[PDB]
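Here's the letter readout for the chains.
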Amino acid sequence: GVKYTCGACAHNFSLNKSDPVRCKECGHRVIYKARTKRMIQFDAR
Amino acid sequence: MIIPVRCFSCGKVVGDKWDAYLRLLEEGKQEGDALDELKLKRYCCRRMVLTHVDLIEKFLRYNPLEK
Amino acid sequence: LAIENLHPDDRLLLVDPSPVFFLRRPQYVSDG
Amino acid sequence: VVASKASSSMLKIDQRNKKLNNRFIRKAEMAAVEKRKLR
Amino acid sequence: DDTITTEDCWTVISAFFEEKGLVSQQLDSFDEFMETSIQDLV
Amino acid sequence: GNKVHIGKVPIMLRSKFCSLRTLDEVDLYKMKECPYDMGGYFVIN
Amino acid sequence: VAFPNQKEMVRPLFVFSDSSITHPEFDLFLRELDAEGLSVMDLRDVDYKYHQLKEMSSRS
Ligand SMILES: [Zn+2]
Ligand SMILES: [Zn+2]
């Protein structure tokens, strides 16, 4: 439901809150969430 | 980290002179002569290019986090 | 050739209209 | 490594500046020490 | 020969720091502990 | 009677028994290690 | 895999296209099956395949 990114091979995937925390293709134990889809605005100051 | 756009003290735009400065230094020109050739008169501007340390060339050596 | 190869008398003709030990030329990699 | 162009230029500048410093500073120190000796 | 200036002293110091480093004592002590000290303690 | 396991000794970074003693300059970047890091410390928890 | 009219073939995965099967394509497949004398998958078997894929895709 929510995307994730591996910490070594930078491979995108998704998890269903029941899979083991692991990259599907290289088996790394550290993954990162992906950026939000909301709008990000800055004041340029 | 990367060359500032404007000189802090007065506000002259020095962000477009980093590549030219490196090119001039490559040809053997001295630092003072290189800064003079870029028309940087005030020493407030000269310290911006003279004392800049380029750290982004070290941050770029790390493998990008996405693909 | 360079300024050194110029004749000393011709070098004397180069008059401003010497290095000092405490003004280094800037570096970027340092050493260690 | 495949270093970028800016990094290679900086390395060349650093080598040239190191050589020039090692020459000129030593020459100036040698010029000063003899004057301090004869005084 | 020729005289030794300050720049030569800094060349020697540069050689020192090129070989030793700044935290050489910590690493040397730990290497000594792992290589021989554990066996002798046993 | 053979190699019985008696414990685990923490390893000082950049020492002779550290994994970063080898790996040169290029691989030090792939492991997300700063080449300016000097070692001399342990990592506990 | 194998075409009905044609013979058995070993193919890699990327040969298949993500685009949906069109009406003339399915009609030609049916005509080839009739020429060979074969039938279509039963609706019960279609449901069994659908359940198998749904279980496999949502498995942990
Ligand atoms: Zn991975
Ligand atoms: Zn300025």
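For the structure itself, look to the data block above.
Residues numbered from 1 in each chain as written, not as in the entry; some residues may be left out. Chains lettered and ligands numbered in written order. Part of a larger assembly, values for the part shown. Heavy atoms only, no water.

S.K.: Could you clarify how one ought to interpret the coordination of the zinc ion (ligand 1) in this entry?
M.R.: Each donor-metal-donor angle in an ideal tetrahedron of four donors is 109.5 degrees, and each such angle in an ideal octahedron of six donors is either 90 or 180 degrees. All names here are of chain A. For the zinc ion (ligand 1), every protein donor is listed as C6 (SG), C9 (SG), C23 (SG) and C26 (SG), and the spread of their distances is 2.3 Å. Sequence spacing of the donor residues for the zinc ion (ligand 1), all on one chain, is C-x2-C-x13-C-x2-C. In this pair, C9 sits in the loop between β1 (2-6) and β2 (12-15) while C26 sits in the loop between β2 and β3 (31-33), placing the two residues 17 residues apart along the sequence. Overall, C9 belongs to the partly exposed group, its relative accessible area being 24%. (Donors = N, O, S within 2.8 Å, 3.2 Å for Na, K, Ca; no water. Helix = DSSP H or I, 4+ residues; strand = E, 2+ residues; numbered from the N terminus. Buried < 20%, exposed > 50% of the residue type's maximum accessible area, 1.4 Å probe, protein only.)

S.K.: I keep staring at the arrangement of the chains and nothing clicks. Help me out?
M.R.: There are eleven pairs of chains in contact here, and the one with the most contacts is chains C and D. There is a gap between chain C and chain F: no contact, and a shortest C-alpha distance of 11 Å. At the level of C-alpha atoms, the two units chain B and chain G stay apart, their nearest approach being 22 Å. (Contact = heavy atoms within 4.5 Å.)

S.K.: For this particular structure, what's the right way to read the nonpolar core?
M.R.: One broad trend across soluble globular proteins is that nonpolar side chains are buried collectively. Among the nonpolar cores identified, the biggest contains 19 residues, and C7, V14, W18, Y21, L22, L40 and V49 of chain B are the most heavily contacted of them. Elements represented by at least two residues in this core include exactly α1 (18-26), α2 (31-37) and α3 (43-50) of chain B together with α1 (5-38) of chain D. With five residues, α1 of chain B is the single largest residue contributor to this core. One finds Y4, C6, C23 and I31 of chain A within the second-largest nonpolar core, a separate group that totals six residues. (Core = buried A, V, L, I, M, F, W, Y, C linked by side-chain atoms within 4.5 Å.)

S.K.: Help me out: how do you make sense of the interface of chain D and chain C in this one?
M.R.: Interface size, as often reported, equals the accessible area lost upon joining of the parts. Taken together, the 13 residues of chain D in the interface contact twelve residues of chain C. For the pair chain D and chain C, the number of links is one salt bridge. Where chain D touches chain C, the interface holds six residue pairs in polar contact. Across the side of chain D that touches chain C, the residue classes tally to seven nonpolar, two polar and four charged. (Salt bridge = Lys/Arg side-chain N within 4 Å of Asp/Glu carboxyl O. Polar contact = N/O pair within 3.5 Å; in protein donor to acceptor, adjacent residues only side chain to side chain. Nonpolar A, V, L, I, M, F, W, Y, C, P; charged D, E, K, R; others polar.)

S.K.: Explain the packing of α1 of chain D against helix α1 (residues 6-19) of chain E to me, please; I cannot follow it from the model alone.
M.R.: The description of two packed helices rests on the angle between their axes and on the distance between the axes. Interaxial distance between α1 of chain D and α1 of chain E falls to 8 Å at its minimum, and their mutual angle equals 135°. With respect to each other, α1 of chain D and α1 of chain E are oriented oblique. Contacts between α1 of chain D and α1 of chain E involve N22, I25, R26 and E29 of chain D from the former and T6, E7 and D8 of chain E from the latter. Partitioning the contact of α1 of chain D with α1 of chain E into residue classes produces one nonpolar, two polar and four charged. (Axes fitted to C-alpha atoms, helices over the stretch in contact; angles between N-to-C directions. Parallel < 35°, antiparallel > 145°, perpendicular 65-115°, else oblique.)

S.K.: Quick question: what am I supposed to make of the packing of aromatic side chains here?
M.R.: A ring pair, where both rings are aromatic, is described by two values, the distance of the centres and the angle of the planes. Counted under the stated rule, the structure contains seven aromatic pairs over all chains. Both rings, one in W18 of chain B and one in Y21 of chain B, keep their centres 5.9 Å apart while their planes meet at 35°; by these two values the pair is tilted. Here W18 of chain B pairs with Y21 of chain B, and both are found in helix α1, just three residues apart, close to one helical turn. The cationic tip of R23 of chain D hangs over the ring face of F24 of chain D; the distance from NZ or CZ to the ring centre is 5.1 Å. The ring of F17 of chain F has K16 of chain F lying over it, and the distance from NZ or CZ to the ring centre is 5.2 Å. (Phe/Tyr/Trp six-rings, centres within 6.5 Å; stacked < 30°, edge-to-face > 60°. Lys NZ or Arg CZ within 6 Å of the ring centre and 35° of its normal.)

S.K.: Please clarify how the pattern of salt bridges should be interpreted in this entry.
M.R.: Here the idea is simple: oppositely charged side chains can pair when their charged atoms come close. Taken as a whole and judged by the stated rule, the model has seven salt bridges over all chains. For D19 of chain A, the salt bridge identified is with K24 of chain A, shortest N-O distance 3.8 Å. Relative accessible area serves as the criterion here: at 18%, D19 of chain A is assigned to the buried category. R46 of chain B serves as the salt-bridge partner of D36 of chain B, at 3.2 Å between the closest nitrogen and oxygen. Of this pair, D36 of chain B sits in helix α2 while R46 of chain B sits in helix α3, and the two are ten residues apart along the sequence. Taking the relative accessible area as the measure of exposure, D36 of chain B reaches 33% and is therefore partly exposed.

S.K.: Before we go on, may I ask you to explain the coordination of the zinc ion (ligand 2) in this structure?
M.R.: All names here are of chain B. Donor atoms from the polypeptide that bind the zinc ion (ligand 2) are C7 (SG), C10 (SG), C44 (SG) and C45 (SG), placed at 2.3 Å. For the zinc ion (ligand 2), the four donor atoms in the first shell make angles of 101 to 114° at the metal, a pattern classed as tetrahedral. Read in sequence order, the donor residues coordinating the zinc ion (ligand 2) give the pattern C-x2-C-x33-C-C. Within this pair, whereas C7 is found in the segment before α1, its partner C45 is found in helix α3, the two being separated by 38 residues in sequence. Taking the relative accessible area as the measure of exposure, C45 reaches 1% and is therefore buried. (Tetrahedral: all angles 85-135°; square planar, octahedral: opposite > 155°, others 65-115°.)

S.K.: I'm lost on the sheet that holds β3 of chain A in this one. Help?
M.R.: The pairing of strands in a sheet comes from backbone hydrogen bonds and takes either a parallel or an antiparallel form. All names here are of chain A. With antiparallel pairing, three strands are arranged side by side in an open sheet as β2-β1-β3. At either end of the open sheet lies a strand with only one pairing partner, and these are β2 and β3. Here the strands of the sheet are splayed against their neighbours by 45° on average, with no regard to which way each runs. Pairing geometry for β1 and β3, over three bridges, is antiparallel. If you follow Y4 over to β3, its bridge partner there is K33. (Pairing = 2+ DSSP bridges.)

S.K.: Hey, could you run me through a nonpolar patch on the surface in this one?
M.R.: A cluster of nonpolar residues, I21, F26, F29, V40, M41, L43 and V46 of chain G, forms a patch on the protein surface that exposes about 710 Å² of accessible area. Residue position: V46 of chain G is located in helix α2 (residues 43-57). (Patch = residues over 30% accessible without salt bridge, like charges linked within 9 Å, V, L, I, M, F, W, Y side chains within 5 Å. Areas by Shrake-Rupley, 256 points an atom, 1.4 Å probe, with all protein chains shown as cover.)

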